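my_file_26.cif (mmCIF, C-alpha atoms)
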```
data_target
#
loop_
_atom_site.group_PDB
_atom_site.id
_atom_site.type_symbol
_atom_site.label_atom_id
_atom_site.label_comp_id
_atom_site.auth_asym_id
_atom_site.auth_seq_id
_atom_site.Cartn_x
_atom_site.Cartn_y
_atom_site.Cartn_z
ATOM 1 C CA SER A 1 -16.164 -2.124 19.345
ATOM 2 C CA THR A 2 -17.924 -0.509 16.402
ATOM 3 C CA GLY A 3 -18.483 2.929 14.947
ATOM 4 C CA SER A 4 -21.113 4.420 12.660
ATOM 5 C CA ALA A 5 -21.043 7.881 11.099
ATOM 6 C CA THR A 6 -23.150 9.636 8.509
ATOM 7 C CA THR A 7 -21.373 10.911 5.402
ATOM 8 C CA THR A 8 -22.876 13.870 3.523
ATOM 9 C CA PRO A 9 -22.313 15.173 -0.035
ATOM 10 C CA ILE A 10 -20.496 18.488 -0.068
ATOM 11 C CA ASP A 11 -22.606 19.867 -2.936
ATOM 12 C CA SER A 12 -25.495 19.124 -5.285
ATOM 13 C CA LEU A 13 -23.315 16.993 -7.589
ATOM 14 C CA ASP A 14 -21.901 14.624 -4.955
ATOM 15 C CA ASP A 15 -18.409 15.896 -5.801
ATOM 16 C CA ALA A 16 -17.184 14.465 -2.488
ATOM 17 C CA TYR A 17 -18.539 13.383 0.891
ATOM 18 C CA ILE A 18 -17.690 14.696 4.367
ATOM 19 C CA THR A 19 -17.904 12.770 7.631
ATOM 20 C CA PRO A 20 -17.583 14.391 11.076
ATOM 21 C CA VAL A 21 -14.521 13.295 13.055
ATOM 22 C CA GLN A 22 -13.704 14.152 16.684
ATOM 23 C CA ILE A 23 -10.031 14.984 17.299
ATOM 24 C CA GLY A 24 -8.418 15.785 20.634
ATOM 25 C CA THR A 25 -9.564 16.547 24.165
ATOM 26 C CA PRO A 26 -11.919 18.343 24.433
ATOM 27 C CA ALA A 27 -13.165 17.168 21.053
ATOM 28 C CA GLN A 28 -12.583 19.333 18.001
ATOM 29 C CA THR A 29 -14.984 18.177 15.281
ATOM 30 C CA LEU A 30 -13.710 18.451 11.705
ATOM 31 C CA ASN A 31 -15.492 17.295 8.551
ATOM 32 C CA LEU A 32 -13.119 14.964 6.742
ATOM 33 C CA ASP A 33 -13.134 13.363 3.309
ATOM 34 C CA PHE A 34 -12.852 9.607 3.917
ATOM 35 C CA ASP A 35 -10.564 8.380 1.147
ATOM 36 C CA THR A 36 -10.063 4.666 0.475
ATOM 37 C CA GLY A 37 -7.448 5.683 -2.117
ATOM 38 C CA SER A 38 -4.932 7.205 0.304
ATOM 39 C CA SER A 39 -3.520 6.537 3.739
ATOM 40 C CA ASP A 40 -2.911 9.870 5.509
ATOM 41 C CA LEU A 41 -5.226 11.484 8.059
ATOM 42 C CA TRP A 42 -4.423 15.169 7.585
ATOM 43 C CA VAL A 43 -6.226 18.312 8.715
ATOM 44 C CA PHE A 44 -6.326 22.029 8.252
ATOM 45 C CA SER A 45 -4.823 23.369 11.450
ATOM 46 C CA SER A 46 -3.626 26.353 13.437
ATOM 47 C CA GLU A 47 -0.308 25.746 11.627
ATOM 48 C CA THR A 48 -1.730 26.076 8.103
ATOM 49 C CA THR A 49 -0.482 29.132 6.204
ATOM 50 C CA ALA A 50 -3.175 31.697 6.920
ATOM 51 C CA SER A 51 -3.663 32.759 3.293
ATOM 52 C CA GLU A 52 -4.383 29.107 2.432
ATOM 53 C CA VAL A 53 -7.311 28.808 4.879
ATOM 54 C CA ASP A 54 -10.669 30.045 3.539
ATOM 55 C CA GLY A 55 -13.562 28.878 5.702
ATOM 56 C CA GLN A 56 -12.362 25.448 6.831
ATOM 57 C CA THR A 57 -12.520 24.387 10.455
ATOM 58 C CA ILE A 58 -9.024 23.973 11.884
ATOM 59 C CA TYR A 59 -7.490 21.594 14.409
ATOM 60 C CA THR A 60 -5.538 23.463 17.096
ATOM 61 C CA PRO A 61 -3.272 20.929 18.837
ATOM 62 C CA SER A 62 -2.295 23.391 21.562
ATOM 63 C CA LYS A 63 -5.922 23.305 22.763
ATOM 64 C CA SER A 64 -5.942 19.481 23.048
ATOM 65 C CA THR A 65 -4.668 18.037 26.305
ATOM 66 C CA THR A 66 -4.026 14.688 24.598
ATOM 67 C CA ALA A 67 -2.083 16.062 21.607
ATOM 68 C CA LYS A 68 1.622 15.244 21.456
ATOM 69 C CA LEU A 69 4.053 16.377 18.774
ATOM 70 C CA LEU A 70 5.494 13.380 16.930
ATOM 71 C CA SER A 71 9.010 14.712 17.080
ATOM 72 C CA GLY A 72 10.803 14.960 13.761
ATOM 73 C CA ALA A 73 7.937 13.613 11.683
ATOM 74 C CA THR A 74 6.847 15.327 8.478
ATOM 75 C CA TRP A 75 4.462 14.436 5.703
ATOM 76 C CA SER A 76 3.860 15.467 2.118
ATOM 77 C CA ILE A 77 1.299 14.071 -0.300
ATOM 78 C CA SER A 78 0.215 14.587 -3.898
ATOM 79 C CA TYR A 79 -3.086 13.280 -5.214
ATOM 80 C CA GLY A 80 -4.138 12.055 -8.636
ATOM 81 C CA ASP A 81 -5.953 15.330 -9.328
ATOM 82 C CA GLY A 82 -2.735 17.319 -8.887
ATOM 83 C CA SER A 83 -3.577 18.678 -5.434
ATOM 84 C CA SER A 84 -1.146 18.407 -2.530
ATOM 85 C CA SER A 85 -0.527 19.205 1.128
ATOM 86 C CA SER A 86 2.265 18.850 3.684
ATOM 87 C CA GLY A 87 3.196 19.539 7.277
ATOM 88 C CA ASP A 88 4.134 18.019 10.633
ATOM 89 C CA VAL A 89 2.499 15.394 12.828
ATOM 90 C CA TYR A 90 0.829 15.042 16.204
ATOM 91 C CA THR A 91 -0.620 12.007 17.883
ATOM 92 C CA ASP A 92 -4.032 12.501 19.457
ATOM 93 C CA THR A 93 -7.315 10.775 20.218
ATOM 94 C CA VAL A 94 -9.550 10.422 17.163
ATOM 95 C CA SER A 95 -13.150 9.198 17.211
ATOM 96 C CA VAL A 96 -15.447 8.367 14.289
ATOM 97 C CA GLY A 97 -19.085 7.610 14.990
ATOM 98 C CA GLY A 98 -18.361 6.470 18.546
ATOM 99 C CA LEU A 99 -15.227 4.434 17.749
ATOM 100 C CA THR A 100 -12.128 5.838 19.459
ATOM 101 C CA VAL A 101 -8.454 5.390 18.609
ATOM 102 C CA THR A 102 -5.838 6.759 20.978
ATOM 103 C CA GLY A 103 -2.431 7.708 19.630
ATOM 104 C CA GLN A 104 -3.632 8.248 16.062
ATOM 105 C CA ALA A 105 -1.255 10.161 13.835
ATOM 106 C CA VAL A 106 -2.973 13.448 12.965
ATOM 107 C CA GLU A 107 -1.042 15.134 10.183
ATOM 108 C CA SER A 108 -1.216 18.903 10.590
ATOM 109 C CA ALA A 109 -1.060 20.850 7.339
ATOM 110 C CA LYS A 110 1.423 23.683 7.087
ATOM 111 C CA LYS A 111 0.699 24.062 3.352
ATOM 112 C CA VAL A 112 -2.215 23.024 1.130
ATOM 113 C CA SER A 113 -2.674 23.518 -2.597
ATOM 114 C CA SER A 114 -5.247 25.856 -4.068
ATOM 115 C CA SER A 115 -7.975 23.275 -4.620
ATOM 116 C CA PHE A 116 -8.044 22.497 -0.894
ATOM 117 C CA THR A 117 -8.146 26.179 0.050
ATOM 118 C CA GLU A 118 -10.942 26.757 -2.464
ATOM 119 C CA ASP A 119 -13.138 24.021 -0.958
ATOM 120 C CA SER A 120 -14.395 25.418 2.329
ATOM 121 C CA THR A 121 -16.406 22.284 3.112
ATOM 122 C CA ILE A 122 -13.511 19.802 3.470
ATOM 123 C CA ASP A 123 -11.391 20.205 6.622
ATOM 124 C CA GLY A 124 -8.971 17.407 5.694
ATOM 125 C CA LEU A 125 -8.775 13.781 4.610
ATOM 126 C CA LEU A 126 -9.013 10.488 6.471
ATOM 127 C CA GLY A 127 -7.175 7.831 4.488
ATOM 128 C CA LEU A 128 -8.499 4.276 4.423
ATOM 129 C CA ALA A 129 -6.156 2.582 1.936
ATOM 130 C CA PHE A 130 -3.335 0.413 3.238
ATOM 131 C CA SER A 131 -0.830 1.923 5.660
ATOM 132 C CA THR A 132 2.055 1.137 3.292
ATOM 133 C CA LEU A 133 1.013 4.295 1.379
ATOM 134 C CA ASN A 134 1.215 6.591 4.410
ATOM 135 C CA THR A 135 3.627 9.450 3.696
ATOM 136 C CA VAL A 136 4.892 10.235 7.209
ATOM 137 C CA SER A 137 8.689 10.285 7.386
ATOM 138 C CA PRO A 138 10.934 8.977 8.876
ATOM 139 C CA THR A 139 8.489 6.659 10.689
ATOM 140 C CA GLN A 140 5.495 5.654 8.590
ATOM 141 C CA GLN A 141 2.184 5.840 10.465
ATOM 142 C CA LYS A 142 -0.919 3.653 10.499
ATOM 143 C CA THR A 143 -4.368 4.590 9.245
ATOM 144 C CA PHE A 144 -7.312 5.032 11.587
ATOM 145 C CA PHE A 145 -8.697 1.682 10.409
ATOM 146 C CA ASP A 146 -5.389 -0.113 10.927
ATOM 147 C CA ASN A 147 -5.159 1.277 14.463
ATOM 148 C CA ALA A 148 -8.774 0.379 15.277
ATOM 149 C CA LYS A 149 -8.831 -3.042 13.617
ATOM 150 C CA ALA A 150 -7.836 -5.250 16.541
ATOM 151 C CA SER A 151 -10.532 -3.677 18.735
ATOM 152 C CA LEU A 152 -13.334 -3.982 16.169
ATOM 153 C CA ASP A 153 -15.936 -6.716 16.459
ATOM 154 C CA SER A 154 -15.012 -7.675 12.890
ATOM 155 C CA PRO A 155 -12.015 -6.260 10.971
ATOM 156 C CA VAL A 156 -14.088 -4.439 8.356
ATOM 157 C CA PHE A 157 -15.498 -1.099 7.381
ATOM 158 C CA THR A 158 -18.315 -0.401 4.948
ATOM 159 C CA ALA A 159 -19.086 2.490 2.606
ATOM 160 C CA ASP A 160 -22.729 3.229 1.811
ATOM 161 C CA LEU A 161 -22.611 6.464 -0.153
ATOM 162 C CA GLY A 162 -25.844 8.179 -1.134
ATOM 163 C CA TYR A 163 -26.905 9.607 -4.476
ATOM 164 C CA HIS A 164 -27.750 13.247 -3.780
ATOM 165 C CA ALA A 165 -28.332 12.156 -0.180
ATOM 166 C CA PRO A 166 -26.434 11.262 3.001
ATOM 167 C CA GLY A 167 -25.015 7.792 3.552
ATOM 168 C CA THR A 168 -23.002 5.903 6.150
ATOM 169 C CA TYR A 169 -19.525 4.682 7.027
ATOM 170 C CA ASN A 170 -19.593 1.788 9.498
ATOM 171 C CA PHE A 171 -16.602 0.285 11.291
ATOM 172 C CA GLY A 172 -16.514 -3.182 12.754
ATOM 173 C CA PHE A 173 -19.846 -4.592 11.569
ATOM 174 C CA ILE A 174 -21.935 -5.223 8.468
ATOM 175 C CA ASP A 175 -25.444 -3.704 8.650
ATOM 176 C CA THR A 176 -27.531 -6.429 7.028
ATOM 177 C CA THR A 177 -30.467 -4.000 6.686
ATOM 178 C CA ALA A 178 -28.451 -1.664 4.456
ATOM 179 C CA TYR A 179 -28.402 -3.746 1.268
ATOM 180 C CA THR A 180 -30.565 -6.062 -0.817
ATOM 181 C CA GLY A 181 -29.705 -9.592 -1.848
ATOM 182 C CA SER A 182 -26.308 -10.968 -0.905
ATOM 183 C CA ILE A 183 -22.816 -9.491 -0.751
ATOM 184 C CA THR A 184 -20.445 -10.792 -3.421
ATOM 185 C CA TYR A 185 -16.827 -10.828 -2.287
ATOM 186 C CA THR A 186 -13.889 -10.511 -4.650
ATOM 187 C CA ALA A 187 -10.128 -10.764 -4.268
ATOM 188 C CA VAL A 188 -7.942 -7.762 -3.461
ATOM 189 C CA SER A 189 -4.318 -7.103 -4.310
ATOM 190 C CA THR A 190 -2.537 -4.870 -1.805
ATOM 191 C CA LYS A 191 0.640 -4.704 -3.924
ATOM 192 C CA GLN A 192 0.089 -1.018 -4.808
ATOM 193 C CA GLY A 193 -1.356 -0.113 -1.400
ATOM 194 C CA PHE A 194 -4.916 0.200 -2.747
ATOM 195 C CA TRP A 195 -8.164 -1.755 -2.488
ATOM 196 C CA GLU A 196 -7.378 -3.125 -5.935
ATOM 197 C CA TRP A 197 -9.667 -5.718 -7.492
ATOM 198 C CA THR A 198 -10.765 -7.050 -10.890
ATOM 199 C CA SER A 199 -14.249 -6.426 -12.239
ATOM 200 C CA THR A 200 -15.598 -9.170 -14.475
ATOM 201 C CA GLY A 201 -17.035 -6.874 -17.161
ATOM 202 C CA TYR A 202 -19.657 -4.308 -18.029
ATOM 203 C CA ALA A 203 -22.852 -3.493 -19.861
ATOM 204 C CA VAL A 204 -24.227 -0.248 -21.260
ATOM 205 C CA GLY A 205 -27.924 0.372 -20.676
ATOM 206 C CA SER A 206 -29.983 -2.655 -21.649
ATOM 207 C CA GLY A 207 -27.095 -3.994 -23.747
ATOM 208 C CA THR A 208 -25.503 -7.389 -23.437
ATOM 209 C CA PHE A 209 -22.882 -7.886 -20.762
ATOM 210 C CA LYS A 210 -19.293 -7.956 -21.986
ATOM 211 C CA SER A 211 -17.122 -10.348 -20.003
ATOM 212 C CA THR A 212 -13.702 -8.755 -19.654
ATOM 213 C CA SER A 213 -11.338 -8.306 -16.717
ATOM 214 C CA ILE A 214 -10.994 -4.695 -15.540
ATOM 215 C CA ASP A 215 -8.418 -4.170 -12.788
ATOM 216 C CA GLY A 216 -9.069 -1.075 -10.706
ATOM 217 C CA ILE A 217 -9.291 0.449 -7.256
ATOM 218 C CA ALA A 218 -12.249 1.124 -4.988
ATOM 219 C CA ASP A 219 -11.634 4.800 -4.200
ATOM 220 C CA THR A 220 -14.140 6.807 -2.196
ATOM 221 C CA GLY A 221 -11.889 9.877 -2.576
ATOM 222 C CA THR A 222 -12.355 10.056 -6.361
ATOM 223 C CA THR A 223 -15.616 11.498 -7.663
ATOM 224 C CA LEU A 224 -15.944 9.770 -11.022
ATOM 225 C CA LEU A 225 -15.628 6.335 -12.627
ATOM 226 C CA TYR A 226 -12.421 6.058 -14.681
ATOM 227 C CA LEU A 227 -12.267 3.070 -17.039
ATOM 228 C CA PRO A 228 -10.381 1.995 -20.165
ATOM 229 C CA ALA A 229 -10.947 4.098 -23.243
ATOM 230 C CA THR A 230 -12.638 1.224 -25.100
ATOM 231 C CA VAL A 231 -15.268 0.863 -22.356
ATOM 232 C CA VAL A 232 -15.845 4.604 -22.033
ATOM 233 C CA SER A 233 -16.221 5.020 -25.795
ATOM 234 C CA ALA A 234 -18.787 2.219 -25.864
ATOM 235 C CA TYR A 235 -20.771 3.984 -23.122
ATOM 236 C CA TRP A 236 -20.811 7.480 -24.627
ATOM 237 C CA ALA A 237 -21.565 6.156 -28.123
ATOM 238 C CA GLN A 238 -25.059 5.452 -26.757
ATOM 239 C CA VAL A 239 -25.647 9.153 -25.960
ATOM 240 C CA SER A 240 -26.578 11.330 -28.934
ATOM 241 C CA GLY A 241 -24.197 14.259 -29.198
ATOM 242 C CA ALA A 242 -21.713 13.051 -26.611
ATOM 243 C CA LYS A 243 -18.067 13.667 -27.420
ATOM 244 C CA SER A 244 -14.655 13.788 -25.819
ATOM 245 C CA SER A 245 -13.520 17.399 -25.449
ATOM 246 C CA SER A 246 -9.808 18.075 -25.011
ATOM 247 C CA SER A 247 -10.581 21.665 -24.000
ATOM 248 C CA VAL A 248 -12.987 20.614 -21.261
ATOM 249 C CA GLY A 249 -10.920 17.595 -20.205
ATOM 250 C CA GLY A 250 -13.188 14.627 -20.892
ATOM 251 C CA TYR A 251 -16.478 13.427 -22.276
ATOM 252 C CA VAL A 252 -19.310 15.927 -22.356
ATOM 253 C CA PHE A 253 -22.882 15.408 -23.474
ATOM 254 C CA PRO A 254 -25.997 17.478 -24.172
ATOM 255 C CA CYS A 255 -27.642 18.443 -20.903
ATOM 256 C CA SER A 256 -30.964 17.545 -22.599
ATOM 257 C CA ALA A 257 -29.953 13.875 -22.808
ATOM 258 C CA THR A 258 -31.304 10.990 -20.772
ATOM 259 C CA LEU A 259 -28.274 8.867 -19.905
ATOM 260 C CA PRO A 260 -28.233 5.061 -20.024
ATOM 261 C CA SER A 261 -27.248 3.035 -17.008
ATOM 262 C CA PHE A 262 -23.851 1.365 -16.681
ATOM 263 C CA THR A 263 -23.430 -2.097 -15.163
ATOM 264 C CA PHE A 264 -20.176 -3.491 -13.770
ATOM 265 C CA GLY A 265 -19.470 -7.094 -12.809
ATOM 266 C CA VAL A 266 -18.370 -8.342 -9.392
ATOM 267 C CA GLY A 267 -17.758 -12.022 -9.919
ATOM 268 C CA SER A 268 -21.036 -13.400 -11.230
ATOM 269 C CA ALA A 269 -22.969 -10.491 -9.688
ATOM 270 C CA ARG A 270 -23.839 -7.157 -11.280
ATOM 271 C CA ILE A 271 -24.005 -3.604 -9.917
ATOM 272 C CA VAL A 272 -26.160 -1.189 -11.911
ATOM 273 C CA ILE A 273 -25.275 2.517 -11.914
ATOM 274 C CA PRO A 274 -28.419 4.453 -12.920
ATOM 275 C CA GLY A 275 -27.955 6.904 -15.755
ATOM 276 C CA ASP A 276 -28.718 9.896 -13.534
ATOM 277 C CA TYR A 277 -25.655 9.080 -11.410
ATOM 278 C CA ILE A 278 -23.465 9.754 -14.472
ATOM 279 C CA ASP A 279 -24.679 13.363 -14.919
ATOM 280 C CA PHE A 280 -22.258 15.919 -13.428
ATOM 281 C CA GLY A 281 -24.098 18.939 -14.727
ATOM 282 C CA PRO A 282 -23.129 21.925 -16.836
ATOM 283 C CA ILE A 283 -19.441 22.332 -17.579
ATOM 284 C CA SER A 284 -19.800 25.990 -16.573
ATOM 285 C CA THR A 285 -22.749 27.817 -15.091
ATOM 286 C CA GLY A 286 -25.585 28.067 -17.597
ATOM 287 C CA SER A 287 -23.985 25.860 -20.242
ATOM 288 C CA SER A 288 -26.036 23.255 -22.083
ATOM 289 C CA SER A 289 -22.967 21.001 -22.265
ATOM 290 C CA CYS A 290 -22.854 18.627 -19.308
ATOM 291 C CA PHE A 291 -19.881 16.761 -17.874
ATOM 292 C CA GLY A 292 -19.914 12.969 -17.876
ATOM 293 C CA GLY A 293 -19.411 10.814 -14.809
ATOM 294 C CA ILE A 294 -17.658 8.033 -16.695
ATOM 295 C CA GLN A 295 -14.264 9.098 -18.057
ATOM 296 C CA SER A 296 -11.229 7.458 -19.582
ATOM 297 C CA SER A 297 -8.428 6.239 -17.326
ATOM 298 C CA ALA A 298 -5.969 6.189 -20.226
ATOM 299 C CA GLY A 299 -3.976 9.105 -18.790
ATOM 300 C CA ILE A 300 -4.012 7.866 -15.177
ATOM 301 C CA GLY A 301 -2.286 4.488 -15.272
ATOM 302 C CA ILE A 302 -5.025 2.788 -13.228
ATOM 303 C CA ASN A 303 -8.788 2.305 -13.429
ATOM 304 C CA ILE A 304 -10.696 3.949 -10.592
ATOM 305 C CA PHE A 305 -14.065 2.839 -9.230
ATOM 306 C CA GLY A 306 -14.823 6.211 -7.677
ATOM 307 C CA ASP A 307 -17.983 7.523 -6.047
ATOM 308 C CA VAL A 308 -20.092 7.223 -9.231
ATOM 309 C CA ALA A 309 -19.650 3.453 -9.031
ATOM 310 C CA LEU A 310 -19.419 2.945 -5.287
ATOM 311 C CA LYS A 311 -22.578 4.896 -4.447
ATOM 312 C CA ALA A 312 -24.577 2.371 -6.486
ATOM 313 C CA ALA A 313 -23.536 -0.343 -4.010
ATOM 314 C CA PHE A 314 -23.069 -1.267 -0.392
ATOM 315 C CA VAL A 315 -19.309 -1.845 -0.225
ATOM 316 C CA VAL A 316 -17.441 -3.944 2.343
ATOM 317 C CA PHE A 317 -13.736 -3.239 2.872
ATOM 318 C CA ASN A 318 -12.685 -6.483 4.559
ATOM 319 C CA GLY A 319 -9.384 -6.038 6.391
ATOM 320 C CA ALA A 320 -8.965 -9.634 7.444
ATOM 321 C CA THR A 321 -5.492 -11.163 7.170
ATOM 322 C CA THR A 322 -6.214 -11.651 3.461
ATOM 323 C CA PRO A 323 -8.240 -8.551 2.558
ATOM 324 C CA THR A 324 -11.202 -8.759 0.191
ATOM 325 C CA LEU A 325 -13.907 -6.416 -1.145
ATOM 326 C CA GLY A 326 -17.639 -7.081 -1.029
ATOM 327 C CA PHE A 327 -20.348 -5.475 -3.162
ATOM 328 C CA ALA A 328 -24.111 -5.674 -2.736
ATOM 329 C CA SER A 329 -26.953 -3.887 -4.467
ATOM 330 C CA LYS A 330 -29.072 -1.610 -2.285
#
```
Here is the file; what I need is its structure written in the form of structure tokens.
Amino acid sequence: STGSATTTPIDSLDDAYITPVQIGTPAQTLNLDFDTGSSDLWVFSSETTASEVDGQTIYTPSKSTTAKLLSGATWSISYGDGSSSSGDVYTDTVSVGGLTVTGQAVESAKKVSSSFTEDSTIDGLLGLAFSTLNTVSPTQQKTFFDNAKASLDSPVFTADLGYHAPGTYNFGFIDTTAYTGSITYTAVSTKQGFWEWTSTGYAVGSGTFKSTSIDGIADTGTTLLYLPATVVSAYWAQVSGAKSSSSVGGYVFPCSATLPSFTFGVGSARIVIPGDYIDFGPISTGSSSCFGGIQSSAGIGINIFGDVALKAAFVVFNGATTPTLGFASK
């Protein structure tokens, strides 16, 4: 089997991407944030505290003839941005782009933190990291990809995120029309539950490439590119007037600037992030200070190849017995 679904930016900055997902019988379609940095499929629901729902579409398990309470199971998750959610668990039929999994754990939110409530466009998350990170207790549950894998034509999914435009998540096949050149594959460590890999270096604009190992995670659920402070300083030094602002929470730059590109290495290959992809617009409405799309990871504990980086590439998440990542230009 295969599946193919379009993923759409939630706003004009590509702050996140939503993908329609069918849950239950008859189908209830919710727009989920596919997140290769976590491993829970959770949804706003008829059980979510009413004051914490503000425009999202909810899953109502009592209206699904295939929903079954997973007795005793609870979940609770906290994300790198400080947001969180928790609740109980049903199993139900879940389909993405024509690919159907029966018995998928659908984690129903009883509580969500303010940032989820405040974002009316995201009805939940669909985790695509390794199932060892799933938070369901006392019986950990498998991701949608893990459940679908054995049925897929090939045990892979691909992320093709657009810049200010829709893109595609495919399951079970590699669309050879979706990228240019060849796909360069690189080793993955699953030891932290992430799609963790080592970039071979970077360049700023037309500058020379610096060969240096940068361990990080391919994370479609993170907006920006978070890299070591040395790398980030070298980037922003090429932008007149750019500075790190403690009050804003990162590097800012004059909105009048033209930003240089940023290149990252994948083995001997190179992925170029155009400068425009690094512009996240005014820090507040009407400001002439703009927020940068490349930020320091120094306070995170891990480097994160978020959407800024991934949307410059066609990315293969290879879930073979020894997982690997592939990157192609497009």
Non-local contacts of range 56-71 of chain A (7 Å; all atoms listed in the file; under 3 positions in same chain excluded) as a ChimeraX atom specification = /A:24-26,28,30,43-46,53,89-93,120-123
Between CA of residue 33 in chain A and CA of residue 19 in chain A - distance in Å to one decimal = 6.5 Å
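Across the structure, CA of residue 199 in chain A and CA of residue 294 in chain A are spaced 15.5 Å apart.
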What's the 10 Å shell around residue 80 in chain A, counting all atoms listed in the file, without same-chain residues fewer than 5 positions away, as a PyMOL selection string?
-> chain A and resi 37+222+300
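Shortest separation to residue 35 in chain A among A:116, A:235, A:75, A:130 occurs at residue A:130, atoms counted being all atoms listed in the file.
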Could you name the residues that touch residue 214 in chain A at 12 Å or less, counting only C-alpha atoms, but leaving out those on the same chain fewer than 4 positions away, as a list in words?
-> residues 196, 197, 198, 199, 200, 201, 202, 210, 226, 227, 228, 229, 230, 231, 264, 265, 266, 267, 297, 302, 303, 304 and 305 of chain A
Selection export as a compact mmCIF listing (two decimals), in the coordinates of the input, atoms kept: C-alpha atoms:
```
# COMPACT_ATOMS: atom_id res chain seq x y z
CA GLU A 196 -7.38 -3.12 -5.94
CA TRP A 197 -9.67 -5.72 -7.49
CA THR A 198 -10.76 -7.05 -10.89
CA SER A 199 -14.25 -6.43 -12.24
CA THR A 200 -15.60 -9.17 -14.48
CA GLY A 201 -17.04 -6.87 -17.16
CA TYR A 202 -19.66 -4.31 -18.03
CA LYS A 210 -19.29 -7.96 -21.99
CA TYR A 226 -12.42 6.06 -14.68
CA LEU A 227 -12.27 3.07 -17.04
CA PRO A 228 -10.38 2.00 -20.16
CA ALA A 229 -10.95 4.10 -23.24
CA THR A 230 -12.64 1.22 -25.10
CA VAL A 231 -15.27 0.86 -22.36
CA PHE A 264 -20.18 -3.49 -13.77
CA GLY A 265 -19.47 -7.09 -12.81
CA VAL A 266 -18.37 -8.34 -9.39
CA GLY A 267 -17.76 -12.02 -9.92
CA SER A 297 -8.43 6.24 -17.33
CA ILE A 302 -5.03 2.79 -13.23
CA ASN A 303 -8.79 2.31 -13.43
CA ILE A 304 -10.70 3.95 -10.59
CA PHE A 305 -14.06 2.84 -9.23
```
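As for CA of residue 105 in chain A and CA of residue 15 in chain A, they are spaced 26.7 Å apart.
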Polymer residues at most 9 Å from (-10.3, 0.6, 15.5) by only C-alpha atoms, as a PyMOL selection string = chain A and resi 1-3+99-101+144-152+155+171-172
The PyMOL selection byres ((chain A and resi 110) around 6) resolved against shown file, as a ChimeraX atom specification | /A:47-49,86-87,109,111
Nearest candidate to residue 295 in chain A (options A:38, A:8, A:186, A:244; using all atoms listed in the file) = A:244
Enclose all atoms of range 16-30 of chain A listed in the file in an axis-aligned box, grow every side by 5 Å, and hand back centre and edge lengths in Å to one decimal, as lines of an AutoDock Vina configuration file.
```
center_x = -13.5
center_y = 16.1
center_z = 11.0
size_x = 20.1
size_y = 16.6
size_z = 36.9
```
Using only C-alpha atoms, determine which residues lie at most 10 Å from residue 192 in chain A, disregarding the query and same-chain residues fewer than 3 positions distant; provide the list as a ChimeraX atom specification.
-> /A:129-130,132-133,189,195-196,217
Would you kindly return, as a ChimeraX atom specification, each protein, DNA or RNA residue with an atom no farther than 8 Å from any atom of residue 275 in chain A, considering all atoms listed in the file and excluding same-chain residues fewer than 5 positions away?
-> /A:258-262
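Residue nearest residue 326 in chain A within the list A:184, A:141, A:285, A:12: A:184 [criterion: smallest interatomic distance, all atoms listed in the file].
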